[PDB]
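*Asks:* So that we are looking at the same thing, I have put the structure below in structure tokens.
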Amino acid sequence: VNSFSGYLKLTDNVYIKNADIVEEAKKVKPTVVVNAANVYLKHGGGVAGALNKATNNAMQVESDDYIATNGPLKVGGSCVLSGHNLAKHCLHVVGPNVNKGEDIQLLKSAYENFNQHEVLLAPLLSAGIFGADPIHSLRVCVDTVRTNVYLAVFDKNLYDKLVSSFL
Ligand SMILES: O=C(O)[C@H]1CN(c2ncnc3[nH]c4ccccc4c23)CC12CCC2
């Protein structure tokens, strides 16, 4: 038993809710919140900009030190950093950005990072400003992630389309 509430169950291990991931994280304080990161950990907009804003820019400060030490992530890769006031940990995961011409096949590799964590609160990778089809992103999630994932979908219209079209 965990504290996630109001989710629709899609599969044995995947759950989905129309929710603002920032508000959801503030309420649950999950062990892991997933950020929709880019390789530079520049948290300007989308989910990343919202999560970083909620930490009063502490996420960005930590991220800049990480990059200065380690260099950029790979597309499809991840790193574990602090969750600040939102979660114990933040798993920064880089899905391919279609608006940068990155290979969508890398979306499966991005989701594989979730399997290193027993339970996660997450957005749909590569959705939103990353330019992929969220229905496709949900399909890859269900077909790749084996650990327990609670997906937060900000847009109500999109949430209903994702549920109604789910196979
Ligand atoms: O579900 C989805 O449809 C997308 C929505 N996105 C976002 N994109 C741009 N700015 C944003 N600010 C936010 C503040 C709080 C929560 C989400 C966002 C967000 C990201 C997304 C959450 C799952 C992937």
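Going through the structure tokens in order, the chains are called A, B, and so on, while each chain numbers its residues from 1 and the ligands are numbered from 1 in the order shown.
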Restrict the calculation to only C-alpha atoms and all ligand atoms, then for each residue of chain A with any atom at most 7 Å from an atom of ligand 1 give the closest atom pair and their distance in Å to one decimal, rows by chain and rising residue number, as a Markdown table.
*Replies:*
| residue | atom | partner | partner_atom_place_in_ligand_line | distance |
| --- | --- | --- | --- | --- |
| A:20 | CA | ligand 1 | 16 (C) | 4.0 |
| A:21 | CA | ligand 1 | 16 (C) | 4.6 |
| A:22 | CA | ligand 1 | 15 (C) | 5.1 |
| A:45 | CA | ligand 1 | 10 (N) | 5.5 |
| A:46 | CA | ligand 1 | 9 (C) | 2.7 |
| A:47 | CA | ligand 1 | 19 (C) | 4.1 |
| A:49 | CA | ligand 1 | 12 (N) | 6.6 |
| A:50 | CA | ligand 1 | 14 (C) | 4.5 |
| A:51 | CA | ligand 1 | 14 (C) | 6.9 |
| A:122 | CA | ligand 1 | 23 (C) | 6.9 |
| A:123 | CA | ligand 1 | 23 (C) | 3.3 |
| A:124 | CA | ligand 1 | 24 (C) | 4.6 |
| A:125 | CA | ligand 1 | 24 (C) | 6.4 |
| A:127 | CA | ligand 1 | 24 (C) | 5.4 |
| A:128 | CA | ligand 1 | 4 (C) | 4.8 |
| A:129 | CA | ligand 1 | 8 (N) | 6.1 |
| A:152 | CA | ligand 1 | 23 (C) | 5.5 |
| A:153 | CA | ligand 1 | 1 (O) | 3.2 |
| A:154 | CA | ligand 1 | 1 (O) | 3.9 |
| A:155 | CA | ligand 1 | 3 (O) | 4.7 |
| A:158 | CA | ligand 1 | 3 (O) | 6.4 |
*Asks:* Go ahead and save the residues from that selection, with N, CA, C and O atoms, as a short mmCIF file (atom, residue, chain, number, x, y, z; two decimals), in the first residue's frame.
*Replies:*
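And here is the file that came out, part_19.cif:
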data_model
loop_
_atom_site.label_atom_id
_atom_site.label_comp_id
_atom_site.auth_asym_id
_atom_site.auth_seq_id
_atom_site.Cartn_x
_atom_site.Cartn_y
_atom_site.Cartn_z
N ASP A 20 -1.40 17.98 -11.77
CA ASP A 20 -0.18 18.77 -11.87
C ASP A 20 0.90 18.06 -11.07
O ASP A 20 0.76 17.91 -9.85
N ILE A 21 1.96 17.60 -11.75
CA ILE A 21 2.99 16.79 -11.10
C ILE A 21 3.62 17.55 -9.94
O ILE A 21 4.03 16.94 -8.94
N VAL A 22 3.70 18.88 -10.03
CA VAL A 22 4.25 19.68 -8.93
C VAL A 22 3.37 19.55 -7.70
O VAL A 22 3.85 19.31 -6.59
N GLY A 45 11.45 25.15 -19.01
CA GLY A 45 10.03 25.13 -19.33
C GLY A 45 9.48 23.72 -19.24
O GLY A 45 10.18 22.77 -18.89
N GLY A 46 8.21 23.60 -19.59
CA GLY A 46 7.56 22.32 -19.48
C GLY A 46 7.56 21.82 -18.04
O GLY A 46 7.52 22.59 -17.07
N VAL A 47 7.59 20.50 -17.91
CA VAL A 47 7.65 19.90 -16.59
C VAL A 47 8.90 20.36 -15.83
O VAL A 47 8.84 20.64 -14.63
N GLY A 49 10.76 23.14 -16.08
CA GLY A 49 10.64 24.50 -15.59
C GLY A 49 9.71 24.60 -14.40
O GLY A 49 9.98 25.35 -13.46
N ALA A 50 8.61 23.84 -14.42
CA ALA A 50 7.67 23.87 -13.31
C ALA A 50 8.26 23.25 -12.05
O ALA A 50 8.14 23.81 -10.96
N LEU A 51 8.89 22.07 -12.18
CA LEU A 51 9.52 21.45 -11.01
C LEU A 51 10.59 22.36 -10.43
O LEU A 51 10.66 22.56 -9.22
N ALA A 122 5.75 10.27 -12.21
CA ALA A 122 6.41 10.64 -13.46
C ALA A 122 5.46 11.32 -14.44
O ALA A 122 4.25 11.05 -14.43
N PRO A 123 5.99 12.15 -15.33
CA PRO A 123 5.26 12.60 -16.51
C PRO A 123 5.50 11.61 -17.65
O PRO A 123 6.40 10.77 -17.61
N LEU A 124 4.70 11.76 -18.70
CA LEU A 124 4.96 11.03 -19.93
C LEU A 124 6.20 11.60 -20.62
O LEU A 124 6.24 12.77 -21.02
N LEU A 125 7.20 10.75 -20.80
CA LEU A 125 8.45 11.19 -21.41
C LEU A 125 8.24 11.59 -22.86
O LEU A 125 7.49 10.96 -23.61
N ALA A 127 6.65 13.92 -24.09
CA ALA A 127 5.39 14.59 -24.37
C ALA A 127 5.56 16.11 -24.22
O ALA A 127 6.66 16.62 -23.99
N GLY A 128 4.45 16.84 -24.34
CA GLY A 128 4.51 18.28 -24.16
C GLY A 128 5.47 18.91 -25.14
O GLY A 128 5.50 18.58 -26.34
N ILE A 129 6.30 19.82 -24.63
CA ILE A 129 7.21 20.58 -25.49
C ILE A 129 8.32 19.74 -26.10
O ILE A 129 9.07 20.25 -26.96
N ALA A 152 1.36 11.41 -14.02
CA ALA A 152 0.59 12.64 -13.86
C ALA A 152 0.51 13.31 -15.22
O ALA A 152 1.55 13.60 -15.85
N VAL A 153 -0.71 13.56 -15.68
CA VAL A 153 -0.96 14.22 -16.96
C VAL A 153 -1.64 15.55 -16.66
O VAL A 153 -2.78 15.57 -16.17
N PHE A 154 -0.96 16.65 -16.98
CA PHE A 154 -1.44 17.98 -16.61
C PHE A 154 -2.74 18.33 -17.33
O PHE A 154 -3.66 18.89 -16.72
N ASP A 155 -2.82 18.04 -18.62
CA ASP A 155 -3.95 18.49 -19.44
C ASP A 155 -5.11 17.51 -19.31
O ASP A 155 -4.96 16.33 -19.62
N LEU A 158 -6.10 15.93 -22.67
CA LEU A 158 -5.17 14.87 -23.05
C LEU A 158 -5.37 13.64 -22.19
O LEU A 158 -5.36 12.51 -22.70
#
*Asks:* Got a sec: who's within 7 Å of residue 147 in chain A, counting only C-alpha atoms, leaving out chain neighbours fewer than 6 positions off, as a list in words?
*Replies:*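 Using only C-alpha atoms, the neighbours found are residues 13, 115, 117, 118 and 119 of chain A.
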*Asks:* Restricted to N, CA and C atoms, what would the selected residues look like written as a JSON list (two decimals), in the first residue's frame?
*Replies:*
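What ended up in out.json:
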[["chain", "number", "residue", "atom", "x", "y", "z"],
["A", 13, "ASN", "N", 1.09, -2.56, -13.27],
["A", 13, "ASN", "CA", 2.08, -1.67, -12.67],
["A", 13, "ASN", "C", 2.00, -0.20, -13.06],
["A", 115, "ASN", "N", 13.10, 1.51, -14.37],
["A", 115, "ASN", "CA", 13.14, 0.17, -13.78],
["A", 115, "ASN", "C", 14.15, 0.06, -12.65],
["A", 117, "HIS", "N", 13.99, 1.89, -10.05],
["A", 117, "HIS", "CA", 13.28, 2.44, -8.90],
["A", 117, "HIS", "C", 11.96, 1.72, -8.73],
["A", 118, "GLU", "N", 11.68, 1.28, -7.51],
["A", 118, "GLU", "CA", 10.51, 0.43, -7.28],
["A", 118, "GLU", "C", 9.20, 1.17, -7.52],
["A", 119, "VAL", "N", 9.15, 2.46, -7.17],
["A", 119, "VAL", "CA", 7.95, 3.28, -7.29],
["A", 119, "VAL", "C", 8.36, 4.69, -7.73]]
*Asks:* Mind checking which residues fall within 10 Å of residue 156 in chain A, counting only C-alpha atoms, ignoring those fewer than 4 positions away in the same chain, and posting them as a ChimeraX atom specification?
*Replies:* /A:17-19,160-162
*Asks:* Limited to N, CA, C and O atoms, could you put the picked residues into a file as a short mmCIF file (atom, residue, chain, number, x, y, z; two decimals), in the first residue's frame?
*Replies:*
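Output saved as result_35.cif:
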data_model
loop_
_atom_site.label_atom_id
_atom_site.label_comp_id
_atom_site.auth_asym_id
_atom_site.auth_seq_id
_atom_site.Cartn_x
_atom_site.Cartn_y
_atom_site.Cartn_z
N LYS A 17 -3.31 9.65 -13.78
CA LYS A 17 -4.18 10.63 -13.14
C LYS A 17 -4.04 11.97 -13.86
O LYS A 17 -2.95 12.31 -14.35
N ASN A 18 -5.13 12.71 -13.96
CA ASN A 18 -5.09 14.10 -14.41
C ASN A 18 -4.64 14.92 -13.21
O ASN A 18 -5.41 15.13 -12.27
N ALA A 19 -3.38 15.36 -13.23
CA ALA A 19 -2.85 16.08 -12.08
C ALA A 19 -1.64 16.90 -12.52
O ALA A 19 -0.96 16.55 -13.49
N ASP A 160 -8.06 12.48 -20.79
CA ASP A 160 -9.23 11.74 -21.25
C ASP A 160 -8.93 11.03 -22.58
O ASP A 160 -9.36 9.89 -22.79
N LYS A 161 -8.21 11.70 -23.51
CA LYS A 161 -7.87 11.02 -24.76
C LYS A 161 -6.97 9.81 -24.52
O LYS A 161 -7.11 8.78 -25.18
N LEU A 162 -6.01 9.93 -23.59
CA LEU A 162 -5.11 8.81 -23.30
C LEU A 162 -5.87 7.63 -22.72
O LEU A 162 -5.62 6.47 -23.08
#
*Asks:* Between A:135, A:151, A:86, A:104, which one has atoms that come closest to residue 58 in chain A, using only C-alpha atoms?
*Replies:*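 Of all the options, A:86 lies closest to residue 58 in chain A.
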*Asks:* When DSSP is applied to the backbone of this structure, which of range 7-159 of chain A are assigned alpha helix (DSSP H)? Write them out as a ChimeraX atom specification.
*Replies:* /A:21-28,46-54,58-70,106-112,134-144,156-159
*Asks:* Using DSSP on the backbone coordinates, identify the residues of range 16-82 of chain A assigned to strand (DSSP E); present them as JSON, numbers by chain.
*Replies:* {"A": [16, 17, 18, 32, 33, 34, 35, 36, 78, 79, 80, 81, 82]}
*Asks:* So which one's closest to residue 100 in chain A, A:56, A:38, A:116, A:148? Using only C-alpha atoms, please.
*Replies:*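 With only C-alpha atoms as the atom set, the closest residue is A:38.
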*Asks:* Please determine, counting only C-alpha atoms, which residue among A:143, A:65, A:133, A:12 has the shortest atom-to-atom distance to residue 96 in chain A.
*Replies:* A:133
*Asks:* For a test of reading the model, state the distance in Å between CA of residue 23 in chain A and CA of residue 130 in chain A, rounded to one decimal.
*Replies:*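 Answer for the CA of residue 23 in chain A to CA of residue 130 in chain A separation: 21.4 Å.
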*Asks:* Do a neighbour search on residue 60 in chain A at 10 Å with only C-alpha atoms, toss out local chain neighbours closer than 4 positions, and write the hits as a compact mmCIF listing (two decimals) with N, CA, C and O atoms, in the first residue's frame.
*Replies:*
# COMPACT_ATOMS: atom_id res chain seq x y z
N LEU A 41 20.57 19.65 -18.33
CA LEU A 41 19.81 19.92 -17.11
C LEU A 41 19.49 21.41 -16.99
O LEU A 41 19.55 22.00 -15.90
N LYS A 42 19.07 22.01 -18.11
CA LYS A 42 18.59 23.39 -18.13
C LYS A 42 17.07 23.33 -18.02
O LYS A 42 16.38 22.96 -18.97
N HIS A 43 16.55 23.66 -16.84
CA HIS A 43 15.15 23.42 -16.52
C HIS A 43 14.33 24.68 -16.80
O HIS A 43 13.86 25.37 -15.90
N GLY A 44 14.14 24.96 -18.09
CA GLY A 44 13.56 26.23 -18.49
C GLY A 44 12.04 26.26 -18.60
O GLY A 44 11.40 27.29 -18.33
N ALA A 48 10.05 20.43 -16.51
CA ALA A 48 11.29 20.78 -15.82
C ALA A 48 11.24 22.20 -15.28
O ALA A 48 11.64 22.45 -14.14
N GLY A 49 10.76 23.14 -16.08
CA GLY A 49 10.64 24.50 -15.59
C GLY A 49 9.71 24.60 -14.40
O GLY A 49 9.98 25.35 -13.46
N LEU A 51 8.89 22.07 -12.18
CA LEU A 51 9.52 21.45 -11.01
C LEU A 51 10.59 22.36 -10.43
O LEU A 51 10.66 22.56 -9.22
N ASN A 52 11.43 22.93 -11.29
CA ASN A 52 12.51 23.76 -10.79
C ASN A 52 11.97 25.00 -10.08
O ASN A 52 12.45 25.38 -9.01
N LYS A 53 10.95 25.64 -10.66
CA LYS A 53 10.33 26.81 -10.03
C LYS A 53 9.85 26.49 -8.62
O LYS A 53 10.02 27.29 -7.69
N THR A 55 11.04 24.43 -6.52
CA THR A 55 12.18 24.33 -5.62
C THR A 55 12.88 25.67 -5.40
O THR A 55 13.96 25.70 -4.79
N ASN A 56 12.30 26.77 -5.89
CA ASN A 56 12.91 28.09 -5.72
C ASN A 56 14.29 28.13 -6.38
O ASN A 56 15.20 28.82 -5.90
N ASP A 64 23.47 22.59 -12.12
CA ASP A 64 24.63 23.25 -12.72
C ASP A 64 25.93 22.69 -12.16
O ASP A 64 26.90 22.50 -12.90
N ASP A 65 25.96 22.41 -10.86
CA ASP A 65 27.14 21.76 -10.28
C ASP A 65 27.33 20.36 -10.85
O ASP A 65 28.46 19.95 -11.15
N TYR A 66 26.23 19.60 -11.01
CA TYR A 66 26.33 18.26 -11.59
C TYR A 66 26.96 18.31 -12.98
O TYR A 66 27.85 17.51 -13.31
*Asks:* Restricting the calculation to only C-alpha atoms, which member of A:101, A:139, A:121, A:157 is positioned closest to residue 7 in chain A?
*Replies:* A:121
*Asks:* Go ahead and compute the interatomic distance for CA of residue 167 in chain A and CA of residue 134 in chain A, in Å to one decimal.
*Replies:*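 About the pair CA of residue 167 in chain A and CA of residue 134 in chain A: they are 13.9 Å apart.
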*Asks:* Return the single residue from A:61, A:79, A:132, A:73 that is closest to residue 98 in chain A, with distances computed using only C-alpha atoms.
*Replies:*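 For residue 98 in chain A, the nearest of the candidates is A:132.
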*Asks:* Quick one: of A:71, A:6, A:77, A:131, who's nearest to residue 110 in chain A, counting only C-alpha atoms?
*Replies:* A:77
